[PDB]
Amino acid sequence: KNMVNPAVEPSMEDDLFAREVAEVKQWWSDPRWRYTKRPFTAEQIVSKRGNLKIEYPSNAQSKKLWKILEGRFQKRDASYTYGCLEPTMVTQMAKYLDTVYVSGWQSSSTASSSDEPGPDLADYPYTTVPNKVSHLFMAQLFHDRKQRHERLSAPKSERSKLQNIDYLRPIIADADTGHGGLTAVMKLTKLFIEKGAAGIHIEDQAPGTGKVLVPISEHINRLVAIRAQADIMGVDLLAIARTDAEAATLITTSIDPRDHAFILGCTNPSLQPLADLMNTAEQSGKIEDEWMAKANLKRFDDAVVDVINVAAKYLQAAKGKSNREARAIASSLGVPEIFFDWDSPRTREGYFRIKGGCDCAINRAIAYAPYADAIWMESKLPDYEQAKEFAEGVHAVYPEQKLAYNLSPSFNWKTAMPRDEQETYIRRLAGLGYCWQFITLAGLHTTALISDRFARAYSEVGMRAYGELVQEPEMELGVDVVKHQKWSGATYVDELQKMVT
């Protein structure tokens, strides 16, 4: 029994736990957390920790990101970036952009852990996006080492002629829906932190599925689970809440009364259930359209008003209320019993119909804000006014809440906006409190564009194409990579080699 020992002596267990809860409570008092709500205590967090404290460089980048985005919000400016594929691209973005985005969409088509690509359905294995974050972070880390060495090796007077690129640009990545239940969310979060992420975003859709939402309660839990995992690991990982309620058409359950005001119901008492009808149509293929119309689906508020045609007094009192207390309000104002069934128009998967929109999205963001360092509302157009509506809507309740914007390529920016305004779109939005903006898929498109250009030219005229469209433009622009050996770290590793010999 020479090698048997306890792992923490029982005479110190209680006394170390105290010492640690005092450190966590004192950590939680830092202004980093002044907008953050934790429905758990330091005691429950520390009692899940083990005896070996791990420190992550993720944390340092979270902090770096937090400093950046606050000066961004306080000055009503914006950091903006785009969706990076791979280390060559990240080394060039670092010269001009202070954040890095890692897209799940680009990852679905370029970076799945199983190599099986496809559309953006978050059906890649969930190591995918974190593994891409590491791919970039380890390349950032490396080029930092390479450059530092080149600088410090030369005389101070001479360093003015050398490049001084900030490669350590903090990374924000897509956690999708969280890839499962709340045990998966914490595990996913754990990978993002182990792999270098400075912040992640998570969205209120259902996984495995118009878009289908989860109840607000389910998404809050997610946001808490992320925070619960960063606490425990001791890190300042930004968490970002995305709502897909603007164009969502379905919801999994009707159990959260915050969601009631938007759930659509059939107002036709003669109609049987849709699912009953669709199944018991046993003989047929490729009728749902008419059950829909003949059911005259409405929000309950609209259904109440339409019966009335008191209305105004109804809307004022009913705002935010469950279905039961909205019926009750109405019939207390002399309104007949309205027929409102929201089971009947359920899909054959069991899902509920919803009418989303900008109002449903403000509701969800405000619900999510105590648990989210930043928010965004996916939208169908790059319309500045809708953006101001949403932002004033959220800032009515929480005027310090940071916001984030997706400058999407799913938009046709020629037929959506004049050139003079494309130029001003980030600056204006920043004025509303969108301190972080990003183009999800630029990496994909830039790459597809020059590969199409060059492979064509190269096919037609050969090595003329490499000189004219690649190697000579590189020179004139001063792109470091044209001197590829020096860029790859050949001089850095040569000095390592000699230091050892």
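Sequential numbering from 1, following the sequence displayed.
Novice: If I compare the deposited sequence with the modelled residues, how many are absent between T252 and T253: none, 1 to 3, 4 to 9, or 10 or more?
Specialist: The entry has no unmodelled residues between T252 and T253.
Novice: Out of 256-264 and 121-129, which stretch has the higher average CA B-factor listed in the record?
Specialist: Comparing averages over the C-alpha atoms only gives 256-264.
Novice: So, looking at the entry's B-factor column for Cα atoms, which has the higher mean, 453-461 or 24-32?
Specialist: According to the entry, 24-32 carries the higher average C-alpha B-factor.
Novice: Please work out which residue in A241, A295, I193, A175 has the highest C-alpha B-factor recorded for this crystal structure.
Specialist: It is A295.
Novice: Which one of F411, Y101, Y371, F137 shows the biggest C-alpha B-factor in the PDB entry?
Specialist: Top of the list by C-alpha B-factor: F411.
Novice: Rank-wise, by C-alpha B-factor, drop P207 into the lowest, middle or highest third of its chain.
Specialist: Tercile = middle for this residue's CA B-factor.
Novice: Lowest, middle or highest third: which one holds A490 when the chain's residues are ordered by CA B-factor from the entry?
Specialist: Ranked within chain, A490 CA B lands in the lowest tercile.
Novice: Should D276 be placed in the lowest, middle or highest third of its chain by the C-alpha B factor in the entry?
Specialist: Ranked within chain, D276 CA B lands in the highest tercile.
Novice: Going by the CA temperature factor in the PDB record, which third of the chain does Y314 belong to: lowest, middle or highest?
Specialist: Its C-alpha B-factor, which the entry lists for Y314, ranks in the highest third among residues of this chain.
Novice: Among the chain's modelled residues, which third holds the C-alpha B-factor of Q401?
Specialist: CA B-factor rank for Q401: middle third.
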